[PDB]
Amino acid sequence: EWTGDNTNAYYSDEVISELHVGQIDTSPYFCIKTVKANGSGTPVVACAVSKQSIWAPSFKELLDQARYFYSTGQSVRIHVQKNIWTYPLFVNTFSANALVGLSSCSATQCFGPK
């Protein structure tokens, strides 16, 4: 597997606008909400769950990176894999998207699989 697999999806020129940390079924997790830097479109929501999904190994790196980009408010590219979380109340509150990568998009092009 790779963040850049064509079976994953991404959204460019986004800003991380909200951050949540919690626990589910023994696993700490976090979710983020992103919106278009320019105010258009519909929010993207994605979550990472410790020790859950094939993306578990990157949980801490992604949590730290989401925090960094959340604090700067800079434009970024969000990489997700759809339809991963199945807990229905969790999905209704957040989404089924697993967060699988984060890329800066500084005044050029987003620096990630494209």
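In this text, residue numbers run from 1 along the sequence as written.
Enquirer: Using only the Cα atoms and their B-factors as the entry lists them, report which of 86-94 and 100-108 averages higher.
Expert: In the deposited entry, the stretch with the higher C-alpha B-factor mean is 100-108.
Enquirer: Comparing 48-56 with 70-78, which has the greater mean CA B-factor as deposited?
Expert: Looking at the recorded C-alpha B-factors, 70-78 comes out higher on average.
Enquirer: Going by the entry, which third of its chain does the Cα temperature factor of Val21 land in?
Expert: Ranked within chain, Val21 CA B lands in the lowest tercile.
Enquirer: Split the chain's modelled residues into thirds by Cα B-factor; is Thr34 in the lowest, middle or highest one?
Expert: CA B-factor rank for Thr34: middle third.
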